[PDB]
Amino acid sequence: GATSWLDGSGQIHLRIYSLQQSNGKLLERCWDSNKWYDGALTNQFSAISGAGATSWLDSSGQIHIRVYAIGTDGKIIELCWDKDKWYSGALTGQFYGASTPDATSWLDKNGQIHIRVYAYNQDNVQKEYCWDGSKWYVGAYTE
């Protein structure tokens, strides 16, 4: 997964997520100014796929990140950053996934984030999972 955002000074920030071949844990690599370095997510969570990532800036300029992967039980895991720590989101453990999830997100005029996550399930069907601010639900998407 790759996600990026511009701060108020026009500096690009990159966050690159991958599954480490040597320990089965997600890696986060960060660029904030002039070099690559390790992110806090590194080595916290096991997965069995790569990760899809999306991010957004709130009205205060705080970055929010969401990372989606397949966990060690075959179900989608959601990892969240809002301020100062990674935590497992509400999506975690709800749905079986068979592919590296894709994700996109957008902010509406009220500052409510909307997220869409896409992954194959156990029946080889491409599914869309939707967040509009209350509960995850299965979307209308079909292949």
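The first residue of the sequence shown is number 1, and the count goes up from there.
Higher average CA B factor: 102-110, of the stretches 102-110 and 49-57.
Among all modelled residues in this chain, the alpha-carbon of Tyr68 has a temperature factor (C-alpha) in the lowest third. Per the PDB record, residue ranking by Cα B-factor puts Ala2 in the lowest third of the chain. Among the modelled residues of the chain, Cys80 sits in the middle third by CA temperature factor in this PDB entry. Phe95 sits in the middle third of its chain by CA B factor, as recorded in the PDB entry. In the PDB entry, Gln44 places in the middle third of its chain by CA B-factor.
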